[PDB]
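Q: Curious how this folds, go ahead:
(2 chains, ligands or ions: 2)
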2 protein chains.
Amino acid sequence: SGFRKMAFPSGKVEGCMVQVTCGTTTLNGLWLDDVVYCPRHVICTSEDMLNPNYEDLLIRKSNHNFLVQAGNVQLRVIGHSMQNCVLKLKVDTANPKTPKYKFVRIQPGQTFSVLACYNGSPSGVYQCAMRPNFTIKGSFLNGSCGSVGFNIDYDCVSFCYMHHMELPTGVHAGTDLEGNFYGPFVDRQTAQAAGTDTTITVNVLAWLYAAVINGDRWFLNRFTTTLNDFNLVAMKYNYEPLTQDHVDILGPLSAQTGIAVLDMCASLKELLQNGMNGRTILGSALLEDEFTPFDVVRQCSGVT
Amino acid sequence: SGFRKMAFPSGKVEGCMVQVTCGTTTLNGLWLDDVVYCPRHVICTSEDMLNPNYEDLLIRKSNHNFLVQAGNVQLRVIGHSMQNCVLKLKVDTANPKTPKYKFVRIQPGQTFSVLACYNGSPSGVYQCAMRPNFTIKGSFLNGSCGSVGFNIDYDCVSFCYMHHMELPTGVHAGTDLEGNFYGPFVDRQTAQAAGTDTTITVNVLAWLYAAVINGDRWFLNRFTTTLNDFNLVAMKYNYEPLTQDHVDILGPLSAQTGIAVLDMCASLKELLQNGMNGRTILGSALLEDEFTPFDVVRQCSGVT
Ligand SMILES: O=C(Cc1cccc(Cl)c1)Nc1cnccc1C1CC1
Ligand SMILES: O=C(Cc1cccc(Cl)c1)Nc1cnccc1C1CC1
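A: Residues are numbered from 1 along each chain as shown, chains lettered A, B, ... in the order given. Ligands and ions are numbered 1, 2, ... in the order given. Have a look at this structure:
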């Protein structure tokens, strides 16, 4: 028993972290096979971060200008190319610590682990979610660019995120591993609209099922609702509309607890309309939406 | 900017995790040098977990009865001994992945990372604190015994905790790496009093300083207090008494924000007496006490 914001073990990713320097800028790189991936703004100075012409800036750079250090050893750069907002630096040595990996583009509402890094060295690991507005609420400082988000299926690391930018709001923006930004963001020093964020309803419901599994049952009531009635409530409280695809994914959690999905939606409705009343659920005084139904099953069953 | 319950990167510890089987029981071991450390209840069956005589039970066991598997390779056991509530199994091979390590006994209120493990394989990592009542609120299932808690100083892993037991309350109990239980707990299947827990005042105050650093300032007021006045309030709300040693550790955070420690205690007093009023601080609707002043400085400065 017990329920925690659990991140994946970071070892397979720690072995891929390198430091990338170019000009006077240093950030993190991801060394998989003979390629180092890093945010393309490594080639920029503060003056051109206002409106950078990356193609033109990259033209003034040669392989020898990209200094890639793996721990305390220098990697030799034999090729460079820009794919969207990332640079791929071909190195002459394949990373001996490359795990089985995939590059995936996660959906909004999905969760992943982040290994925050500075100068190619890991400082910490935390679990977070891709918000519906395609931002992440991470913990990142200057130098953290190139830090990656990932998931692990048995031995395979699915890299889903690379950190690029901090918004003026303090929220974070970044790309998938092909350099495509999640959301409308562009790698420019210009104020950019994050957009209205919503609460991931299916995730809150999964966390309510985790709460029942771990003894917290005060919020369960004698009521039920329909998808249409519940969605009127979700709309009012800026919660994502619940669909039958959401209910289907909540099936395993419903079967384990014997609480029908719509019965749990009625508990959520009452919690939204009435609040917690000074009570807690799994040590939280607010409704948590950063655990997917898969996360809850995984944590509650001990999948390694 | 941003503030997260950040755990240490788990790689150096993942390389030390092994599976220990004895009789019909399997749990996790910690392989450092030529020694495997694991909870001594690995030698027990369900019948003798009611009142085990570990010395007598261990007598019926030989080196060949302890099956230690590191990944998919079998380690040869050449010695066994009991030190308090842990067994130390001498193996014929030193772990090639042993990091620089120390065995430390943490103080209540101190935090550490846990690498939850099942069958010698890591499933996840989370940050937690040794509660003032010497329990931890972890996330552990059957088979998680032997999972360890640790801290990292540059390259040195300070192992502070080994998981042993789940209390009937769902809270967790365990030992330091010499087998000494934190708290009054004994490795027996008997109901055991956890004791009254308190809120780690110095940690809440550190988290309030992290909140100011990351823009959250609504809770700051035009008041100040004294250690004696504040401690009357802390007593009423089951908060640990604040001492000058606590204030001294809060010095770096006070200097960075220009908010005197007693001024921040007045904000805490008002928050305890008035509540959050439906507001949040760093995405939390309750006062967080699982970040030490050291944790806040580390996260807010990017120490790798
Ligand atoms: O945001 C940037 C630099 C930057 C500026 C403009 C565009 C792009 Cl792609 C990147 N880095 C960063 C990331 N995460 C957290 C803190 C920071 C630094 C501000 C402190
Ligand atoms: O508590 C035990 C077994 C046990 C019983 C009595 C004494 C001792 Cl030292 C150990 N293991 C465990 C640990 N953490 C979480 C879940 C569990 C299992 C109950 C599900």
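
Q: What residues sit buried inside stretch A:17-25?
A: A:17, A:18, A:19, A:20, A:21, A:22, A:25 (16 or more other C-beta atoms under 10 Å in any protein chain shown). For the C-beta atoms, the positions are set from N, CA and C on the backbone; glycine is no exception.

Q: From those residues, pick the one nearest ligand 2.
A: Distance to ligand 2 across these (C-beta to the nearest ligand atom) is lowest for residue A:17, with 32.2 Å.

Q: residue contacts, that closest one?
A: Residue A:17 makes contact with A:28, A:29, A:30, A:31, A:115, A:117, A:120, A:121, A:122, according to C-beta atoms under 8 Å, 6 or more residues apart in numbering or on different chains.

Q: mind running it again at 6 Å?
A: Residue A:17 sits next to A:117, A:120 when contact means C-beta atoms under 6 Å, 6 or more residues apart in numbering or on different chains.

Q: partners of it in the sheet?
A: On the basis of DSSP bridges, residue A:17 is bridged to residue A:30.

Q: That one and residue A:93, how far apart?
A: 15 Å (C-beta to C-beta, to the nearest Å).

Q: Next: residue A:144.
A: Taking C-beta to C-beta, one finds residue A:144 at 25 Å from residue A:93.

Q: out of those two, which sits in the busier spot?
A: residue A:144 (22 against 13; other C-beta atoms under 10 Å in any protein chain shown).

Q: what's the burial count for residue A:185?
A: 20.

Q: Which residue is the nearest non-sequential neighbour of it?
A: residue A:173 (4.2 Å; C-beta to C-beta, 6 or more residues apart in numbering or on different chains).

Q: show me what contacts that neighbour?
A: For residue A:173, the contacting residues are A:135, A:165, A:167, A:185, by C-beta under 6 Å, 6+ apart.

Q: try residue A:20
A: Going by C-beta under 6 Å, 6+ apart, residue A:20 touches A:27, A:29, A:38, A:42, A:68.

Q: For residue A:154, see how far away it is.
A: 30 Å.

Q: and what of residue A:98?
A: 16 Å.

Q: which of the buried residues of stretch A:17-25 lies closest to chain B?
A: residue A:17 (9.2 Å; C-beta to the nearest C-beta).

Q: first to last residue in stretch A:271-285, what's the distance?
A: End-to-end distance for stretch A:271-285, by C-alpha to C-alpha, to the nearest Å: 11 Å.

Q: What of stretch A:209-224?
A: Length of stretch A:209-224, first residue to last, C-alpha to C-alpha: 15 Å.

Q: what's the answer for stretch A:245-258, then?
A: Termini of stretch A:245-258 sit 19 Å apart (C-alpha to C-alpha).

Q: any residues touching it, and which ones?
A: Stretch A:245-258 is contacted from outside by A:202, A:205, A:209, A:212, A:261, A:293, A:297, using C-beta under 6 Å, 6+ apart.

Q: elements contacting whatever helix or strand the third one lives in?
A: Same thing as residue A:209. Applying DSSP states H and E as the criterion places residue A:209 in helix A:201-213. In this structure, helix A:201-213 packs against helix A:251-257, helix A:293-301, with contacts taken as 3 or more C-beta pairs under 6 Å, 6 or more residues apart in numbering or on different chains; DSSP states H and E.

Q: which one of those lies closest to residue A:139?
A: helix A:293-301 (19.3 Å; C-beta to C-beta).

Q: ok now that closest one, how far from the chain's centre?
A: Its chain's C-alpha centre and that of helix A:293-301 lie 17 Å apart, by C-alpha atoms, centre = their mean, to the nearest Å.
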